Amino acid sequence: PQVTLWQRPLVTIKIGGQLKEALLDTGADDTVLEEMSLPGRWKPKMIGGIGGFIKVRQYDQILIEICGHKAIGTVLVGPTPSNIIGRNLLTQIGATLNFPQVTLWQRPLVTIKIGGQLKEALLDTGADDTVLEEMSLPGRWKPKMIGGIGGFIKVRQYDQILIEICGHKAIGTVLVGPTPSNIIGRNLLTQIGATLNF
C-alpha cells in the first residue's frame, strides 16, 4: 500500500479483539489510542504533545494488526483526541516515507529554509497543518487555536509563505507558536510529493 497525503492516512486496526481506525503518524514516537478495554497489566505514564501532557496507561507486549500486518509492542491508552499509530509500530509494518526513501527507526527530520532562516523539522503525516517554534517571519497574520495531544495552543497564522524543504520549494500556510517540535504537516507534504509505504 502506497498512500498519498491529500487525505488523512487512516488504517484499520484490530487490537484487544476490537476493530478501530487510526492515523499513520510519522510524527509520533509512540502509539496512542483513545480510551478502550485491554486485558492485562499496565504502568502509569505521561506523554507530551502539542498543547501539553496526558496521563496514559502503558501496556506492553500487545498484539496489533494494522492493515493486515501483525505486530507486538507498546500501546498507550488515554485521552488522545485521535488514535495514533506511532513509529514504534510503523517500523514493524515496514512503513517508509518517500518524497529519498526514509525509514522510520529514527525521527524523520529534515532541514527547511523559511524566511531566510534554516531550521530542522519533522515530517509528520499525522499533522493536517505545518506548525513551528517561535521565529521571526515577515508580513501579516491572523490569530488561531489549534488542537493536539495535550489540549490547545494559540498560534499565529501566516499564509502564502515560501518554504524550501530538503531542496523542494513549497508555498502555503505556516503556523507559529508554542509547539514542542517543528512540524511539517499534510498541507506542505502534499507539495513535495510525499507518500507513505507499507
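Residue indices: 1-based, along the sequence shown.
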| query | finding |
| --- | --- |
| Unmodelled deposited residues between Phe99 and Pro100, binned | 4 to 9 |
| Per the entry, higher mean C-alpha B factor between 24-32 and 127-135 | 127-135 |
| Higher-B stretch (mean Cα B-factor, as the entry records it), 114-122 or 67-75 | 67-75 |
| Among modelled residues of the same chain, the CA temperature factor third for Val3 | highest |
